[PDB]
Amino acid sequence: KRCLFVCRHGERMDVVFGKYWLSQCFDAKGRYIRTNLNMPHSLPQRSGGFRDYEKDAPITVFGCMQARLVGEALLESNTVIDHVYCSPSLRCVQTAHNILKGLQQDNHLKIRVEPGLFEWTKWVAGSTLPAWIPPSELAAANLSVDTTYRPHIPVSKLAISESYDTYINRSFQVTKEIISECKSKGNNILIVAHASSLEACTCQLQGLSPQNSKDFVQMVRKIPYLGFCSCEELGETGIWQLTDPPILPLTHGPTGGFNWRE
């Protein structure tokens, strides 16, 4: 009885509202003016200005709902979570926070932001890695992160535009250190990250070799928001295996119709 749950972040701003959503909710003075009910009542102050959101978008209001539902589902299934890690993307942090709410654990449990959980650095448009909000600015922004946590791969140890199996490796490496620094200290582990993280984090843990970098991207655009899978360790023999999740899947469609009229 030990469990690793790995799930993807919830619905993301720049996908619904697309690349330039920033011009849709920030005026010239830098004030946030929501223009759609799927946009949160407020966004966190990024110490570098509203421009930093460009390479690190937040989740939408329905993004929170997805995550809440997952947390509540988890609580209904009496599934206890002991440690919760997430990627440093804001979207991931926010999804972890909101899972903790549904779980009714946001001010008992504390998210461990692990830059090693971040997605394959190829998908970072730009020459330069996102300006992530450091943990302590994140707590200050009402997210339940652990400022005490010392990362396994800190930011500076991340190569921009890195090799595919570099990404695969760090996933296996990070997940490995996570599983063991949580061993003496209670059962179930939750990781909140990216589409790629579902495969990458678990794959070699079950002794299976990764798909080469082409069939991968295929399987990555497969994964839904709050897409969720789980692993179980037999004995403490160190061998993990795939497992039916402890909660129902979550499917829903779009508001639909016309994105635009008149």
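The first residue of the shown sequence is 1; numbering continues from there.
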Out of 28-36 and 230-238, which stretch has the higher average CA B-factor listed in the record?
230-238
Can you let me know which of the two, 119-127 or 82-90, has the higher average C-alpha B-factor in the entry?
119-127
From the entry's CA B-factor values, the highest among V192, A140, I99, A73 is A140
In terms of the CA temperature factor given in the entry, to which third of its chain does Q66 belong: lowest, middle or highest?
lowest
With respect to C-alpha B-factor, does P58 fall in the lowest, middle or highest third of the chain as deposited?
lowest
Which third of the chain does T148 land in by C-alpha B-factor: lowest, middle or highest?
middle
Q104: C-alpha B-factor third of its chain, per the entry, is the middle
When the deposited Cα B-factors of this chain's modelled residues are ordered and cut into thirds, is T95 in the lowest, the middle or the highest one?
lowest
